[PDB]
Each structure stands twice: as C-alpha cells, then as structure tokens.
Amino acid sequence: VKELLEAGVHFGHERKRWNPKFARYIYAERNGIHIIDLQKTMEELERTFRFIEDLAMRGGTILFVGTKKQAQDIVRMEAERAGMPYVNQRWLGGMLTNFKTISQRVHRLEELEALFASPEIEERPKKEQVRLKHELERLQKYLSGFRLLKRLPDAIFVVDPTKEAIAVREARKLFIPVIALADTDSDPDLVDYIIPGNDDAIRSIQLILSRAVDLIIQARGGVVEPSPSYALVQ
RNA sequence: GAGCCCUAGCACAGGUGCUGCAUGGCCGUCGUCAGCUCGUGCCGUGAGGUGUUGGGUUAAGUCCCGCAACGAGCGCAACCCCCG
Ligand SMILES: [Mg+2]
Ligand SMILES: [Mg+2]
Ligand SMILES: [Mg+2]
Ligand SMILES: [Mg+2]
C-alpha cells in the first residue's frame, strides 16, 4: 500500500529555508510553503527500495540514523524490528571514520554487561558502584544500537541529512552508500538514493521508515504486522 | 731477592688546585598552582587547531550537561602515616 497513502499526511514540508538544488523535486509555493512533487517522490522510492532490496537479500547491514527530536523513537523501533543497527541520541565524531577506536567503547561496554551478572555481583570499593555503574550509564545511552554493527555498514539510512550531515560526510568519505529521507532543507547531490519526502512530520517518518523495514525482513521472508510503532503518535 | 719490612731508582700516588657555562646525582623555585600532553579521527596549503572550548560545579582539567570527536598518559583525587 503506497501512492495516496503518501498524500495521506506526508507530502511537502519547509518554506524559504530551502536549498535550490532541491528545486527539481518541488511542485509549488502554494500558500507560502514548498509542496513537494509526489509523482517524483514515488519515482525515487522504486529506485531506492530496489537498492534496499538487493542490498538486504544479499544479506547486507544498513545503519539507521535519526538523532532528530521526533524521529528518535520511531527509529529504534524499525531498526530493531529488523535487527539492523541504529544511532539514536547523538552522532559521534567518527563512528564510521574513527570506527576502530569508537568501537573500543562497545568492546568495553559489554565488559560491564559482564560485571552486572558477575562474581562482583555486589562487590568492589563501594563508591565505585556509581564510578563504574555510571560509566555503563552513558555507554548504554549511546551505543545501544551501535553495539551490533561490528564492521562498517554497506549502507546508511538517514532521516534529515542536513540535520545529520556529520554522518553523511563520513559515509561519502568512506564510499558507503547514503540512503535518506530528505526535504527542501537538503542538498540532494550527496544523497545516493533519495527519498524526497518530509524530514519532520512523525507520520511521514513512520509511513516511510517502516515500509523500508518491511522490504528488509520481507527480503528474507516472514512479514509481520502494522509495526510496533504508533508511539504516542499525537 | 717466598712473604714482610728498610734505603736507591721506576710505573704512579696525592691535590677541598680551576671550570656547576663541559656534567651526574641531589636540592631550591614558580607551585600542591590545575595544569602539561598523547593516540587515533576530524579542520587547515601550513605553523597549527579540535580534544582541553562552552553553560553548571568543585579545593582541583572535581565531577555534570553540551559538543567532530572518542579515548587514554604525567597531574588532582584515592591507595600510606599520625590525630579524633
Ligand atoms: Mg646549573
Ligand atoms: Mg646539576
Ligand atoms: Mg656560584
Ligand atoms: Mg651560573
């Protein structure tokens, strides 16, 4: 189910904060706003999903990023709802590019997995039960979706690339294909497979980002429900 | 002419004689001041920068939140002694 499902509540977004490189994917300045030509949305979807498919059934790992305010959660849903890695709270200087080092944080996160369930089940110089169980605190918060990922992904999926630029940069540096949902905010030129959409409305992120995860599990057989995601959707 | 010890020579001893501006070691000092760095990534043609900066907080670069950085090292703290 696609087509008018998109016009559902998810077409055009921002106005007069545009990138004129995005002028190709626009329908009009109707009532002050940029409303985004959907025929070409759909157009780009086929090519993009086509890439996802092939990538997925060839057994690839996509890396999902959405640190954005109201995308935050509907990421770690569909990301985990497909066993793919995700970056949720904040992108870090050189997850990809400084990958080896940023990994020793995960290498050392699960050292503390294995100190919870431990012979030190309740022991070690008692003020070290915040000193270390608050190290695992931060480690937890950030590397929760990143922890799976043990070689660079074969792709990345991004919700707002002008928001998420520090990532996309690393991607392109590393020849890693950039998949993203992008609106009039953004610079198409450096998004390899674009979902000309709406970086913002939670429904729009949902419709799109879930289907893409359908396609992913569905390209290893075993489709499920209407997705464990409708947040407080409101 | 084994050792030892004497006098005559010999190779050497000795020197608190100079150079702390040839030096080691040890000390003083800014100063127990909250600092000085490195590894990798990143930015810059480059010297270099980021990190360490910022907002809150500490006796402290002490910790917190934030952030193209993420972590480490010598410091600080703690591990030692005395007094309750
Ligand atoms: Mg001297
Ligand atoms: Mg000297
Ligand atoms: Mg003198
Ligand atoms: Mg002198």
# chains A, B, ... in the order shown; residues from 1 in each chain; ligands from 1

$ closest_atom_pairs --of "chain B" --to "ligand 3" --cutoff "12 Å" --atoms "only C-alpha atoms (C1' of nucleotides) and all ligand atoms" --output "tab-separated table"
residue	atom	partner	partner_atom_place_in_ligand_line	distance
B:19	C1'	ligand 3	1 (Mg)	11.3
B:20	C1'	ligand 3	1 (Mg)	7.2
B:21	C1'	ligand 3	1 (Mg)	11.0

$ interface_residues --of "chain B" --to "chain A" --cutoff "6 Å" --atoms "only C-alpha atoms (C1' of nucleotides)" --output "list in words"
residues 41, 68, 69 and 70 of chain B

$ closest_residue --among "A:77, A:156, A:207, A:121" --to "residue 60 in chain A" --atoms "only C-alpha atoms"
A:156

$ closest_residue --among "A:118, A:62, A:9, A:87" --to "residue 177 in chain A" --atoms "only C-alpha atoms"
A:62

$ residues_around --residues "residue 69 in chain A" --least-positions-apart "3" --cutoff "10 Å" --atoms "only C-alpha atoms (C1' of nucleotides)" --output "list in words"
residues 66, 72, 73, 88, 89, 200 and 202 of chain A

$ select_by_dssp --residues "range 78-177 of chain A" --states "strand (DSSP E)" --output "list in words"
residues 86, 87, 155, 156, 157 and 158 of chain A

$ write_last_selection --atoms "N, CA, C and O atoms" --output "PDB file, in the first residue's frame"
ATOM      1  N   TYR A  86      21.312   1.094  14.781  1.00  0.00           N
ATOM      2  CA  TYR A  86      20.764   2.460  14.790  1.00  0.00           C
ATOM      3  C   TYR A  86      21.616   3.433  15.644  1.00  0.00           C
ATOM      4  O   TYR A  86      22.289   3.019  16.611  1.00  0.00           O
ATOM      5  N   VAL A  87      21.611   4.712  15.251  1.00  0.00           N
ATOM      6  CA  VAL A  87      22.150   5.797  16.081  1.00  0.00           C
ATOM      7  C   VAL A  87      21.026   6.787  16.406  1.00  0.00           C
ATOM      8  O   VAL A  87      20.397   7.376  15.499  1.00  0.00           O
ATOM      9  N   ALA A 155      25.515   0.292   3.998  1.00  0.00           N
ATOM     10  CA  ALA A 155      24.721   1.487   3.733  1.00  0.00           C
ATOM     11  C   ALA A 155      24.439   2.239   5.015  1.00  0.00           C
ATOM     12  O   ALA A 155      24.765   1.757   6.104  1.00  0.00           O
ATOM     13  N   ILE A 156      23.891   3.448   4.862  1.00  0.00           N
ATOM     14  CA  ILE A 156      23.293   4.193   5.962  1.00  0.00           C
ATOM     15  C   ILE A 156      21.971   4.820   5.500  1.00  0.00           C
ATOM     16  O   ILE A 156      21.839   5.258   4.346  1.00  0.00           O
ATOM     17  N   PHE A 157      21.006   4.831   6.420  1.00  0.00           N
ATOM     18  CA  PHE A 157      19.687   5.400   6.216  1.00  0.00           C
ATOM     19  C   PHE A 157      19.504   6.560   7.182  1.00  0.00           C
ATOM     20  O   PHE A 157      19.691   6.425   8.394  1.00  0.00           O
ATOM     21  N   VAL A 158      19.123   7.703   6.636  1.00  0.00           N
ATOM     22  CA  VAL A 158      19.170   8.940   7.372  1.00  0.00           C
ATOM     23  C   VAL A 158      17.839   9.627   7.198  1.00  0.00           C
ATOM     24  O   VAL A 158      17.275   9.657   6.088  1.00  0.00           O
TER      25      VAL A 158
END
